[PDB]
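Trainee: Quick one, what's the 3D model for this:
(chains A, B, C, D, E and F)
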Amino acid sequence: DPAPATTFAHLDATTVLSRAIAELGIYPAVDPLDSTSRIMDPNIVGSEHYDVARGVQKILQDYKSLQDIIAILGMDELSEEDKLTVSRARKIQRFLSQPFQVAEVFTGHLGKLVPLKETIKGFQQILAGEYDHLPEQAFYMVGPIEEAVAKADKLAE
Amino acid sequence: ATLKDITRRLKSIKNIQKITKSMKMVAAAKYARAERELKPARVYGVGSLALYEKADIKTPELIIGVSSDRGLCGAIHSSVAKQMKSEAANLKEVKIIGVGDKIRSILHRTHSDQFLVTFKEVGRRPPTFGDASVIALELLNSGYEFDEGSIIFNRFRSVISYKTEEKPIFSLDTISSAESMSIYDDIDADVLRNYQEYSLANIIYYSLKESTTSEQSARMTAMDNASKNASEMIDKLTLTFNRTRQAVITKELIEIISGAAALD
Amino acid sequence: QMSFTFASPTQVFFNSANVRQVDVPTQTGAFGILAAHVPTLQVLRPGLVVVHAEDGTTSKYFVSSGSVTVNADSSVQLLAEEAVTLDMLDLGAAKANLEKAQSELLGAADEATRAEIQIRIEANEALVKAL
Amino acid sequence: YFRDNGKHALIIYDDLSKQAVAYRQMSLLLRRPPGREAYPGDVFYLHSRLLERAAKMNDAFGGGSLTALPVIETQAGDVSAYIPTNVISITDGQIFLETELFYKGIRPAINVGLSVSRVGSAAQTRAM
Amino acid sequence: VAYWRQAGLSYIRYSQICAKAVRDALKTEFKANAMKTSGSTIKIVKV
Amino acid sequence: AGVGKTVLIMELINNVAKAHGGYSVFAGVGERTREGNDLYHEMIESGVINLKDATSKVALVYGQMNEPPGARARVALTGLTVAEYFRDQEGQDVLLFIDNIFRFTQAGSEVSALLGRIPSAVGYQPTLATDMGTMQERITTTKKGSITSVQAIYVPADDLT
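Mentor: Numbering: from 1, shown residues only, chains lettered A, B, ... in the order given. Structure data below:
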């Protein structure tokens, strides 16, 4: 649509919220694959952030790729590292779900603010596979990754 | 993408779908057959083991596993692949036997050496007892002599289910010649071997047939799944289609007229 | 009594059926194990299997091979590699086979080959039993 | 004429697609509203009367006929297209021709399934 | 016997010759049916 | 199509309009004169039209493709108008066999364009709703009869969204 189409030029950061993500109830409901800032770059934001993000961006992306097959066609016609990424992407997915403190009316949850490190680290860890044996709901509606672990434990009963 | 693309997809996807059913029912038919055969077989392999485990069987102080040729019949094969790969360390000459041509690169690539034999035509035309004997006979007449031994196959449980089963293979005729087993014998080292033998074929057959049957159903399933999957998916697309389709149409009339016969 | 389990891979005829006895041309011998009977394994010859079914009926069979498996218990299991009911077997052939067989043996140089013939000879003969 | 003279005539309209184009063009140039797919509406009507003029006359009309063999050239199989849809709704069937077979050799190469005779069949041959 | 068994020969082989001789045996179409059993195609992979 | 369509229809006429002392109207909008011709003979044949009754049981009102739009466009309304007499006045449960609102719809729009009107979306007459509204609303059961309406529906593109 031309309007949004135009808009981008005038932007510096776009938050495109994904109807799908939203639809997954995930709140953050983002279309993270177009919630962006041009000002993403190791140069600017330090590479760690950047890279991790790129690893993520990627991870989702690859994952994205599969989806079309899997959609009718499930797994095992895929390798399990693909599964790993998928899962990770999924954990991550859930991890982006980060509750809403404001809208306890909507959520009941209290929402989180994640100071950056828990984020950078957070993903580095999941990526590190450090989370890759936890229940995915652990990341679901959490902010700081530790809490996801905490949440994991209890979700692990 | 555009209706084209979408259709390209759609088109092919049905084709697939159709195909997917084609593979499916053929397999299901095979399945039907597979069931039948399972009757004498059922007995038969079950029998072997009810000698072996009329009594029980033991080890001294080899494995064999079997599966199909193709995938897309679930990960049926992967299971045996898995479960024999798990084994081997302990052993006690080592051999593995993977009959299977799925077990062939899901397992003939590790034990591609420590395999004793592998058989092909592992399904993909209907295998029979004859084959079990075939595969049996020379196997004996081998130089890897049997140390340990388990037979891993997909034991069918119902079409819906198999559990990759395992048995012990104690072809090693000193299992037979020994223990209480010799006390359940009550007659010499001929028939000992020649049952150990005979029963090995029975089980081989059986196990195999269970496997293949499992496979047969698993392929059905795999082929099943898909043709359903396709169906839903079509359903979404076909809209997306339309929508863009009219969207277009309409919209062009706009540009054509009043959009460009606005005054044009 | 005996639960007689009669099968070939291919055909299961009686399955732990209350048969009185089966007299079995095991390579082992022809013995008529009735009912239960100690653990014993006997390997099935080719012969005819006579299934004294606990009822005065005896079903006839040719057994070719396999093993019968003699539990301790009542259930005795002929698992004949080949077991066929005599019904489907063929004299024209039996003789015919035998002739041939006998022809072959003679050139079937080496114990194994001769054997193969001999087995066969034996076989045809064992058909010839019933034929 | 023939139709009315008992004579059985065959007109093959070969092909109307190009005509339609022309016609549309004609409308538009006439300013005169066109319509669908930029084509005028009564390009249907146009043909409808025409094609209604292809008909099987009774005996009063000598039993004649004017059989109309329209041609439509599928433009990439497109028929969804307004006029074909028109025509489709008009016809007494359409005889779908398919390439693949042609390429197969298979000449006739038709897709019979897609071929249709809505009516044709009160006019065959027991033998057949 | 042993002219085969002590020709070694798999017991399977024996058996299979027997059975094969049965397959060899049988009447008419019955004998057709022989071949069923002698699915034995089983490709000879061998490592 | 002609899957004893007509036959069935004829049979339906039989089943109700006979049985229940109904009435029928057939409005042939944009059909083939030939098929209607055929239909005639069918109708004769069926005896729902009798050549012996110019008051048989079915009025065929035809505004075949060969007409200019307006005629085809009106032929349903026309018929409707008859049926309303028949409904109210003749008190009847009219069966109004309508062939074929789609072609009607189509016809309506044809003029919409050519009338220089803007036929609304997808090309279709902006008044599509109101024309319908009034039409569909012309149809009903009153305190008098019913015009029970049987509408042939050509399904554009097997699509109907």
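Trainee: where along chain D do the strands fall?
Mentor: Counting by DSSP state E, the segments of chain D that form strands are D:8-13, D:65-70.
Trainee: in the last one, what's buried?
Mentor: Along strand D:65-70, these residues count as buried under the neighbour rule (16 or more other CB atoms under 10 Å in any protein chain shown): D:65, D:66, D:68, D:70. All C-beta atoms are positioned from the backbone trio N, CA, C, and that covers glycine.
Trainee: Which of those sits closest to chain B?
Mentor: For the buried residues of strand D:65-70, the minimum distance to chain B (CB to the nearest CB) is 24.2 Å, reached by residue D:70.
Trainee: what about the longest strand in the chain?
Mentor: Unless you meant another one, I'm taking chain A. The strand of greatest length in chain A, counted in residues with DSSP E as the criterion, is given as strand A:30-37.
Trainee: Can you look at chain C instead?
Mentor: The strand that spans the most residues within chain C, counting by DSSP E, is strand C:57-70.
Trainee: how about that one, does it reach chain B?
Mentor: Yes - against chain B, strand C:57-70 shows contacts by CB under 8 Å from any CB of the partner chain at C:66, C:67, C:69.
Trainee: Setting the sequence-adjacent residues aside, check what's closest to the residue in chain A that chain E sits nearest to.
Mentor: Shortest chain A-to-chain E distance, computed as CB to the nearest CB: residue-wise this is residue A:76, at 23.7 Å. Nearest non-adjacent residue to residue A:76, counting by CB to CB, 6 or more residues apart in numbering or on different chains: residue B:75, 4.5 Å away.
Trainee: can you count the residues close to residue 45?
Mentor: Unless you meant another one, I'm taking chain A. For residue A:45, the neighbour count with other CB atoms under 10 Å in any protein chain shown is 16.
Trainee: that's the wrong chain, I meant chain E
Mentor: By other CB under 10 Å, 18 other residues sit near residue E:45.
Trainee: swap in residue E:41?
Mentor: As a burial measure, residue E:41 scores 17 neighbours (other CB under 10 Å).
Trainee: wait, isn't the residue nearest to residue A:76 in contact with residue A:74?
Mentor: No - with contact defined as CB atoms under 8 Å, residue B:75 and residue A:74 do not form a contacting pair (10.2 Å).
Trainee: Who has more neighbours out of these two?
Mentor: Set side by side, residue B:75 and residue A:74 show unequal neighbour counts under other CB under 10 Å, the larger going to residue B:75 at 17 against 14.
Trainee: Provide the partner residues of that one in its beta bridges.
Mentor: Judged by DSSP bridges, the bridge partners of residue B:75 are residue B:73.
Trainee: hmm, back to that, and whatever helix or strand comes next after the longest strand of chain A, how far from the chain's centre?
Mentor: Sequence-wise, the next helix or strand downstream of strand A:30-37 (DSSP states H and E) is helix A:42-45. For helix A:42-45, the separation from the chain centroid amounts to 20 Å (computed by CA atoms, centre = their mean, to the nearest Å).
Trainee: which other residues reach helix A:42-45?
Mentor: Taking contacts as CB atoms under 8 Å, 6 or more residues apart in numbering or on different chains, the residues outside helix A:42-45 that touch it are A:39, A:48, A:49, A:50, A:51.
Trainee: helix or strand for the residue in chain F that chain C sits nearest to, which one?
Mentor: Residue nearest to chain C within chain F (CB to the nearest CB): residue F:3, separated by 51.9 Å. Under the criterion DSSP H and E, no helix or strand holds residue F:3.
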